[PDB]
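Colleague: Partial complex follows, first chain(s) only, in situ:
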Amino acid sequence: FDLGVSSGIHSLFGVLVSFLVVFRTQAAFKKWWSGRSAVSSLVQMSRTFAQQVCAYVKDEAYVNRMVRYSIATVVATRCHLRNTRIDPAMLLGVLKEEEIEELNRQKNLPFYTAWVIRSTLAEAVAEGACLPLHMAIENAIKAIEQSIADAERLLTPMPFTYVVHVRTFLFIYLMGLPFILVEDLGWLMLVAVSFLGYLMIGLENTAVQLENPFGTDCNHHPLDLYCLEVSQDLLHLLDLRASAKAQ
C-alpha cells in the first residue's frame, strides 16, 4: 500500500475544519436566542398597549375594536412567518366573520391591523374621549412593529460562499481519512470514521435547524401557546374593567 502518512495533510485540515464547524454553530445559537427575545418583547408590548387603552380611554366601542385587533395582530404575525392564511377557528369569540374574510383578502396582515388601530385612535382623540396620555399609546404601537421586523430578519439564510467552502472541505477531509488511517488498523479505522463523520455532519445539520427558529420542527419555538396566553389575558382584562366600572 505504501500509505506514507503525513502530518500536514491530516492535523492542519483537522484543526481548520474543526474551528470552522464549531463557529458556524455558535453563530446559529445566537439567532435562536434573538428570536426568543423578539417574541417576548412583542407579547409584553401588546399587554401594555391594552392596559393603557382600557385605563386612559373612557368610551367603550373603541376599546373593543382596539384590543381585539391587537390579538388579531399577534395571530397574524404567527402566520406571516409561515406563509399561510388564517383559520377562523382561531378567531371565534374575538371577531365577527366578515372581518375575518376581509382580513384574509389582504397581502400583508399586520400592516392592516395597525392601520385599523391608528385610524380608530385618531377618531377617539378628535372627540376628546382620551386623556393627554396618548403619545405613550402611539409609542407602544411603534414598538410592536420593531419586534415584528426583527423576527422577520431571522428568516434569511447564511451566505452561499461561506457554506460551500466549509462543506466541500469537510467532505474532502472525510474522504481522505482512511488512506492514512488504515496503515495501523483494520475494521477499527472503519468504525472510527463512521463515528467521526456522524459527529461532524450532525453538527452541520443541527446548525441548519437552529438557523431558522420559526417552523414546524420540534426544536423550534412554540408560537401557538403565546397567542393563547395573550387571548386569555386580554379577555380577562375587559371583564375586570367592566366590573370596576359598574361600581
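Modeller: Sure thing, it's come through. Numbers count the residues shown, from 1 in each chain, chains lettered A, B, ... in the order given.
Colleague: longest helix in chain A, by residue count?
Modeller: In chain A, ranked by residue count with DSSP state H as the criterion, the top helix is helix A:13-56.
Colleague: For whichever helix or strand comes after that one, which outside residues touch it?
Modeller: Per DSSP states H and E, the first helix or strand lying C-terminal to helix A:13-56 is helix A:61-77. With contacts defined as C-beta atoms under 8 Å, 6 or more residues apart in numbering, helix A:61-77 is touched by A:42-43, A:46, A:49-50, A:53-54, A:57, A:86, A:90-91, A:94-95, A:103, A:109-110, A:113-114, A:116-117, A:120-121, A:123-124, A:129, A:144, A:148, A:151, A:226-227, A:230-231, A:234, A:237-238, A:241. (Each C-beta comes from the backbone N, C-alpha and C, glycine too.)
Colleague: and the residues you listed, which are buried?
Modeller: Neighbour counting by 16 or more other C-beta atoms under 10 Å classes A:42-43, A:46, A:49-50, A:53-54, A:57, A:86, A:90-91, A:94-95, A:103, A:109-110, A:113-114, A:116-117, A:120-121, A:124, A:144, A:148, A:151, A:226-227, A:230-231, A:234, A:237-238, A:241 among the contacts of helix A:61-77 as buried.
Colleague: Where do the helices of chain A begin and end?
Modeller: Using DSSP H, helices in chain A cover A:7, A:13-56, A:61-77, A:97-103, A:109-126, A:134-153, A:160-181, A:187-211, A:223-245.
Colleague: Show me which of those helices has the highest average neighbour count.
Modeller: Neighbour counts (mean count of other C-beta atoms under 10 Å) averaged over each of these peak at helix A:61-77, with a mean of 21.
Colleague: Now find how far off-centre it is within its chain.
Modeller: Mean C-alpha position of helix A:61-77 versus that of the full chain (C-alpha atoms, centre = their mean, to the nearest Å) differs by 20 Å.
Colleague: can you pull the contacts of residue A:112?
Modeller: A:103, A:106.
Colleague: One more pass at 10 Å, please.
Modeller: A:69, A:72, A:73, A:76, A:102, A:103, A:105, A:106 (C-beta atoms under 10 Å, 6 or more residues apart in numbering).
Colleague: Include this sequence as chain B:
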Amino acid sequence: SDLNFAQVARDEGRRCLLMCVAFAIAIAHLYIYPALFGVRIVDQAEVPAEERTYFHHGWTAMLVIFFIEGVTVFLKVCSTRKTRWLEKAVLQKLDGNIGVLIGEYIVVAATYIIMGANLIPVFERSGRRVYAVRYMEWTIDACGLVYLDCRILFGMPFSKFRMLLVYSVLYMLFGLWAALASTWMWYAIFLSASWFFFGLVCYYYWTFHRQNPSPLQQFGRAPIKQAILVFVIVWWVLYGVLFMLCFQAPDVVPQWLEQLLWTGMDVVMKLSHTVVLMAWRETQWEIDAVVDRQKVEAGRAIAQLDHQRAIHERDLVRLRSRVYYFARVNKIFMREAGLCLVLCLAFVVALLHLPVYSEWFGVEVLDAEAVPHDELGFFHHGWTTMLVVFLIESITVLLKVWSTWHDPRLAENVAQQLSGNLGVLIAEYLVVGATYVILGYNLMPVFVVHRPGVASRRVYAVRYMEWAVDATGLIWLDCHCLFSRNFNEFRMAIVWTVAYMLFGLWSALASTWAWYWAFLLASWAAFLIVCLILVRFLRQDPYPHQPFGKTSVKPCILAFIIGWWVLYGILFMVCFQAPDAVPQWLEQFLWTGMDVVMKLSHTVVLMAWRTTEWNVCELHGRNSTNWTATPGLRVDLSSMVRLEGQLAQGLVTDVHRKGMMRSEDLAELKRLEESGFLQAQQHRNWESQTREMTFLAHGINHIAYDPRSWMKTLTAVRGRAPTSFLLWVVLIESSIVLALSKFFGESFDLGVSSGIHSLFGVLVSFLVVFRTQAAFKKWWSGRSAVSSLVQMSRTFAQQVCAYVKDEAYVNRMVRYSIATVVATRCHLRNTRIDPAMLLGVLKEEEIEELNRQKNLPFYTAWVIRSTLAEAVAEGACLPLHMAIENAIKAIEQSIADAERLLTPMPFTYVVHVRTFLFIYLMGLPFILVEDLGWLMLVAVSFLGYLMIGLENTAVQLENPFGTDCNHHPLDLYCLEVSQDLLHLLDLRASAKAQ
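Modeller: Below, chain B sits with the chains from the block before:
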C-alpha cells in the same frame, strides 16, 4: 385515468419475480430428477471447451438489449416526475410488458451463463450432445411471449391465456421427457402428443385471430399484427423441423452446427419480438392530444387573468390619482447519406496510411501471431454486439416509415426527427465492428515496444485511429443536438481531439521516457482545453430546461462522459508505467468493454431524447419552513410569467419563486403547469409593469438557496469565491522542488522542524478564521439596518395618513419618502437615478431637480420637514406630531449605519496576515517532500485553495452592498415599499368617501 406509480412498479416486480422463480425451479427439479431416477446418462461435464465461447457471445449480445430498455424507461420516468399527466401517459404506454420482458432477458442470460459453469452434461442415438436448462428457459420464454401476444392483440386476461399456457408448458415438458430418452425407445409416447398440442395452440391462435382481426391503431395501412404472427409461427415450424432432423440424420454435424443454431434462433426471435414492440410503443397516441388540449387552456386562462388585473389597475389608478390628490424528406435523408460517406472515406484513408509510416521507419515492427489463444476470444464479442445494435436501429426506422408511408403529412415529422443524428450512429457502429473484426483475426500488424525497465508491453495499431474518428462523431453530436450550436464553434474541439489521440499514440510507441512525456503532456493539455470549451458550451445553454423537463440530467451526462474519458488516461498511465501491474490481457478486455459501453450509453440517451415534444411539435417545438429574504414582498402570477418571458431560460428558479410568492397562488400555478412549460406573452403594458420590470431585472441576479440540500452546495460553481495568482506560484515552486529532488537524488537534507511548521500553522489559522468571523457580523448588521429603515418608512406613512386631515400635504410626504428609499439605494453605489424607477410617483421636474443635487436623502428629508411645518402652522395636524418628527429622526440613523458599512478594514492588520500566509505556503513543500512526491503537490494545492478562498470570501462579505451575487437585494425592498404605500393611499381615500 386513475393509475399511480407504485401499483405499476409492484406489478412489474411481481411478474418478473414469478418468471425468475419458475425458470430456476424448473431447471433445479429437472437436475434433481435426471440423476438417480430413470434412464438418464450424464455425459462428462468438462468436455468440450470450444463450445462455451459461442454461448458466452450469445450471453453478451442478449444482455445488451436489457441494458438498453432498463436505461431508456428510467430516463423517461425520471425526466417528467414533476408533471402528473406526462407520468400518466408513459405509465399507460407500458401497462404490463416491462416486467415480463425483463424476466425473459434475465432468465435467458442466466441460462447462457450457467452453460459456462458446466453444471451437468445430461446428454445421453449417439453424440448429439444436448443441454437441459435450454428446455426450461424455452418453456418460460414461450409462455411469456404468448401471454404478451394475447394480452396486446386480443385482450383476453384469464380465459385463453390459461389453456394456451398449459398447452405450451405441457408439450414442452413432453418434448423434454422424449428427447431425454432414446429415440426408438420413447419417441411415440411423447413427441406425437407434442406435435398435437402444437397444432392445438395453432388452432387457438387462428380462432382468436378470427375473433378480433383488427389492426393496431398505432399503425395504419401496415400489415402488422399479421406479418409478425406468420413469421413467429413459421419460425416455430422451422424449429420443430430442426428438432426432428438433428437426431435422425448423422450427416449434419452435431458438434458445432447444432450448438449454434439454437443460440442464433432464440436471439433473433426475441429481438424481432422486442423491436416490433418498441416500434408499436414509440408512436404518438391520443393521450398526447388530451394533454395538449389541457395545455392551451392554461395560456388562455393566463391572458384572462392579465386582462382582469389590467381593468382593475386602470380603475384604481384613475380613482386615486384623479379626484382627491417530396423535397424536404429527400433532403433530410440525403444530408445523412452524405455524412456517412465522409466518415467511411476518412477511416479508409487512415487504415491505408498507417503501416507505410510504421514498421518501415519503426522498431519492433513485427509480432508473429501476437497471442493466438487469448486475444481473439475477447475481440469476437464487440463486432457482434455492434451488429445487434445496428440491426435494431435499422429495422425500427424501417417500421416507423412503413407505418407512416401512406400518410404524407406524418412522414415529414419523423423525417425531420432523424436529421443531423442518424448518419453518425450507423458509421460509428460499422467502423467499430470492422476494427474489432480485424483485431479478432489479424490482417494487420502488431507492434511491440522496447524500453528500459520492461519491454514486454504489447501495443495495437488500429484501435487508436477509430477512437479519434469515433470521438469526433460523439462531439459533433453531443455538442449540436443537446446544446444547439452551429459548426463555427465546433471546429477547435475536432481539431484538438484527433491531435491528442495522435499524441497518445506516438507517445505509447516509445516508452523510453526520453521523449515519451512530451506527447503525453501535450495530449493532456488538448484534452483539458476541450473539456473547458465543452463545459462553457453547457453553462451558456439557451434552452437548459428543454427537453428533459427542468431536471439535472444533462450536467450528470457530461460528468459521466468526462469521468469515463479520464479513466482511459489513468489506465494508460497505470499500464505503461508499471507493466508489472497489468497482466496485459485484462487490459485489452477492459479497453473493449469500455469502448462498447460508451457507445451503448450515448445511443440510448439520444434515443430517449429523440421522442420528446421539442422534436415532435405539439403545442410547441423547434421553430415545512419559510426560507427567504423578502418576507413582505408578494408577487402575482402575471408578473412572474411576464418576467420568465422577458428573460432567458435558467435565471429564475423554484426557490426564487417560493420566496417571492404566496403559498396558494404558488399551488395554483403548479397545478396549472402540470401539462407543460406555459411559455406565453400577452403584450399588455401599464405604468406599474415598467417599474416592476426595472426592479426585478436587477434583483434576480442575487442567489437564493435551500440549506437542507447538500448537492447544490458542493457541485456549485457560480457563487464560489475567486482565487489569485498565488496558487500558480506555489504549484510552480512545488513542481520544480519535486523534479529537482529526484534529479538531485537523495542529497536534499530536508531536516524538517516542528517549530517552523506547527506554530506558524496554528497562528495563521487563528488569524484567518477570526478575520472571517469579523466580516459575517458586518453582513448581518447591514441586514438589520435595511429592515429597520423599511419599517420606519411604513410607520411614518401610516402616522401621516391617519393624524393629518388635508390631502395635498399627504401625497407630497409619502411620495418623497419612497423617493428617499430609492435615493439611499443609489447613495451606496455612487450613481444617479433612472426616471423609470419613479414613474407613477413623481412629476418629471421633481426628478430633474433631484438629480441636480449632491446628497439626496438630505434633500428629501428637508422637503418633508418644511412640508410638515406648513401643516402644523395651519392647524391641520392633531397633537401627535412629535411622533412623526421622531420617526423621521430614526430613519437617518439607519442610513448612517448602512454608510459606515462601506469602510474597509485597516491596512496593517491585513498586510501582516496576508504576507505571513504567503510565507507559510511557500515554505510547506521543502518540509513535506521528504516523505512524499506528487502527493505533497496535490495537498499543497488544496490547502492553498482553502486558505486563499477564506480570505477572498471575507473580502466579499465585508461590503454587503454591491452587484455581486452574495450581496443584499436592495432592489426588491424598494418595490415592496412602493406597493405598500400606494395601496395605503387608496385605503385612506376609500374610507374617507364613506
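Colleague: again for the contacts of residue A:112, chain B present now?
Modeller: A:69, A:72, A:73, A:76, A:102, A:103, A:105, A:106, B:983, B:984, B:987 (C-beta atoms under 10 Å, 6 or more residues apart in numbering or on different chains).
Colleague: Find the nearest non-adjacent residue to residue A:140, please.
Modeller: In space, and not counting its chain neighbours, residue A:140 is closest to residue A:49: 4.4 Å by C-beta to C-beta, 6 or more residues apart in numbering or on different chains.
Colleague: how close does the one you found sit to chain B?
Modeller: 15 Å (C-beta to the nearest C-beta, to the nearest Å).
Colleague: Over to residue A:75?
Modeller: Look at residue A:75 and chain B: by C-beta to the nearest C-beta, they are 17 Å apart.
Colleague: which helices and strands sit right next to the longest helix of chain A?
Modeller: In terms of contacts (3 or more C-beta pairs under 10 Å, 6 or more residues apart in numbering or on different chains; DSSP states H and E), helix A:13-56 is packed against helix A:61-77, helix A:109-126, helix A:134-153, helix A:160-181, helix A:187-211, helix A:223-245, helix B:760-803, helix B:934-958.
Colleague: hang on, residue A:43 packs against residue A:230?
Modeller: Yes: counting by C-beta atoms under 10 Å, residue A:43 does reach residue A:230; the two are 6.2 Å apart.
Colleague: can you pull the contacts of residue A:94?
Modeller: Listed by C-beta under 10 Å, 6+ apart, the contact set of residue A:94 reads A:64, A:67, A:68, A:69, A:71, A:72, A:75, A:100, A:231, A:234, A:235.
Colleague: quick one: contacts for the last one?
Modeller: The one in question is residue A:235. With C-beta under 10 Å, 6+ apart, residue A:235 has these contacts: A:67, A:68, A:71, A:93, A:94.
Colleague: among the residues you listed, which two are most distant?
Modeller: A:67 and A:93 (12.7 Å; C-beta to C-beta).
Colleague: so what's residue A:52 closest to, chain neighbours aside?
Modeller: residue A:137 (5.4 Å).
Colleague: wait, the one you found sits on residue A:122?
Modeller: No: look at residue A:137 against residue A:122 with C-beta under 10 Å: they stay out of range, at 11.2 Å.
Colleague: Just give the closest residue to residue A:133, not the sequence neighbours.
Modeller: Closest to residue A:133 by C-beta to C-beta, 6+ apart is residue A:56, at 4.5 Å.
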